[PDB]
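Peer 1: Here is the sequence, then the experimental structure:
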Amino acid sequence: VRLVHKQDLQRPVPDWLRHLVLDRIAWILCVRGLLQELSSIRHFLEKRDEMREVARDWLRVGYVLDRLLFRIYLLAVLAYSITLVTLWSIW
Amino acid sequence: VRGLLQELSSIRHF
Amino acid sequence: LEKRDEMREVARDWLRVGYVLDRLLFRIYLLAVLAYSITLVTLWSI
């Protein structure tokens, strides 16, 4: 939940983008001055849109990691349980 | 000729 | 548009300040807990 969020900061690092969104994803899957105004409006629009896209990528990373860790936790619980019942059986 | 259309197209796009 | 964008930037700066302070105070609190704990165990041993 710290990974995926809208904090208006940063960008997903490529080094850990390949490690998660690429490798771990496959591993888990298996004359008038009117123009100067429009330019500024467009500027504000893409200014927001950019941060939205960054937040989208971080959302991707966070989701992949969350799913993988979910698999790990589930398997851990099942293993702990099977050890529990084998101990129940031996007594 | 004015380049206002290339701006409006982008705004509409977003 | 810029009326909102400006306030957004201001909120961003306050977010920066708040985050820095929060991290620093996190360091302080953590070290305080560790020190209190080491005093606890040094008392436990004696």
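Peer 2: Cool, the structure landed. Numbering: from 1, shown residues only, chains lettered A, B, ... in the order given.

Peer 1: contacting residues for the residue of chain A found nearest chain B?
Peer 2: The nearest approach of chain A to chain B comes at residue A:38, 4.3 Å away (CB to the nearest CB). Every C-beta, even on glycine, is put in place using the N, C-alpha and C of the backbone. The contact partners of residue A:38, by CB atoms under 8 Å, 6 or more residues apart in numbering or on different chains, come to B:4, B:7-8, B:11.

Peer 1: for the helix ranked longest in chain A, the distance to its chain's centre please.
Peer 2: Looking across chain A with DSSP state H, the single longest helix is helix A:35-90. In terms of CA atoms, centre = their mean, to the nearest Å, the centre of helix A:35-90 is found 3 Å from the chain centre.

Peer 1: how far off helix C:2-45 does that helix point, in degrees?
Peer 2: 30 degrees (axes from the mean of the first three to the mean of the last three CA atoms, to 10 degrees).

Peer 1: Would you mind listing what in chain A touches chain B?
Peer 2: A:34-35, A:38-39, A:41-42, A:45-46, A:49 (CB under 8 Å from any CB of the partner chain).

Peer 1: which parts of chain A sit against chain C?
Peer 2: Within chain A, the positions lying close to chain C (CB under 8 Å from any CB) are A:7-9, A:40-41, A:44, A:47.

Peer 1: mind redoing it with 6 Å?
Peer 2: A:8, A:41, A:44 (CB under 6 Å from any CB of the partner chain).

Peer 1: Turn these into TSV, including neighbour count.
Peer 2: As requested, the residues of chain A next to chain C are exported to TSV (neighbours: other CB atoms under 10 Å in any protein chain shown):
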residue	neighbour count
A:8	15
A:41	15
A:44	15
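
Peer 1: Checking residue A:11 next. Helix, strand or coil?
Peer 2: The three-state label given to residue A:11 by DSSP: H, G, I helix; E, B strand; the rest coil is coil.

Peer 1: next one: phi and psi at it?
Peer 2: With angles defined as degrees, to the nearest 10, residue A:11 sits at phi -150, psi 150.

Peer 1: number of nearby residues for it?
Peer 2: Number of residues near residue A:11 (other CB atoms under 10 Å in any protein chain shown) recorded here: 12.
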